[PDB]
Each structure stands twice: as C-alpha cells, then as structure tokens.
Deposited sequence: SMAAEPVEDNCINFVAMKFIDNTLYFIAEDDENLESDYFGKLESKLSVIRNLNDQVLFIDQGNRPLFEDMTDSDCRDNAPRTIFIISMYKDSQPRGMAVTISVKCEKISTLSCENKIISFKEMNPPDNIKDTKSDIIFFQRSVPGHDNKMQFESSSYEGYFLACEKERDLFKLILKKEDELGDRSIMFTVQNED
C-alpha cells in the first residue's frame, strides 16, 4: 500500500512527534493515491539523546527514551506518557512485516496518528484517520 514512512521522532514537552520523509514535490508518473498506514523505521537504531522507541513483551508495553524513559497510557481514552497501560500486538491488515497495537483496557480502540501540519502525533481511536504500525524484524 501507499504508507507514510517516518524517518525520525521528536519527544518534546512530554509529547512525541513522528517526522516523515520529504516528498520534495515529487509526483508519481502512475495514476493512483492512498494514505491509510504509517510506520517507524529503525534508522540509526531508533527502535529497540536520540529519542529512541522501546517495545516490550501477544501483549506489549510502549516506552520512549530521550534521556527520560516514559511508558504510554491510554487511560480515559487519552494518550499520556509517564516516567516509569497495556496494548496487544496485532498483524496489520494486508501486511506481513508491519505490526500494529490495540488498547488492553479500552478495546476496539487502536493506536493511531494525526497531523500537526508539519509533523505527526500519536493518538488513540476506533476503526482524519491514520493508523500506526511497526516493522517486525
């Protein structure tokens, strides 16, 4: 599919933002369009101060480390990062390497992303609408 690939991440003011590749006004000489998925790539080993991403183990627990290790929580259906709830790893629809995650407490709702005009931010919502994935390798 036509997925959005994030080359960098920015944890500022207790908030992590995902930087995407520069399209550079490059257009396709084919006819089509799609933007349903996104993924973070272990470039420079950003996936396990560089704002590294941590996935722990089925079920998973998500953490961010930018000189301050902080776990993620979805309580009250609101995303929060606390320096120290549970999500399940699931196969991405129509993908083999990608991996997505669903809330343990607030089921049916999965991790997602929105657009800060210049960056991309993490949220939680149910199946405007963009889905967060991770490459399994």
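- Taking the first deposited residue as 1, the stretches without any C-alpha atom are 1-8, 57-79, 89-96, 124-135, 179-183, 194.
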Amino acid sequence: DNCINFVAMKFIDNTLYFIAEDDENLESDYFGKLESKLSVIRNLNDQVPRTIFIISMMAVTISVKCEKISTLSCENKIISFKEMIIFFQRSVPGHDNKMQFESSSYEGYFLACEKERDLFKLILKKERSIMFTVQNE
From here on, numbers count along this sequence of modelled residues.
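- Comparing the deposited coordinates for 94-102 and 24-32, the stretch with the larger average C-alpha B-factor is 94-102.
- The mean Cα B-factor in the deposited entry runs higher for 85-93 than for the other of 38-46 and 85-93.
- Ranked within its chain, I19 lands in the lowest third, by CA B factor from the PDB record.
- The PDB entry assigns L111 a C-alpha temperature factor belonging to the highest third of its chain's modelled residues.
- Sorting the modelled residues of the chain by their CA temperature factor places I54 in the lowest third.
- Annotation for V64: CA B-factor lies in the lowest third of the chain's modelled residues.
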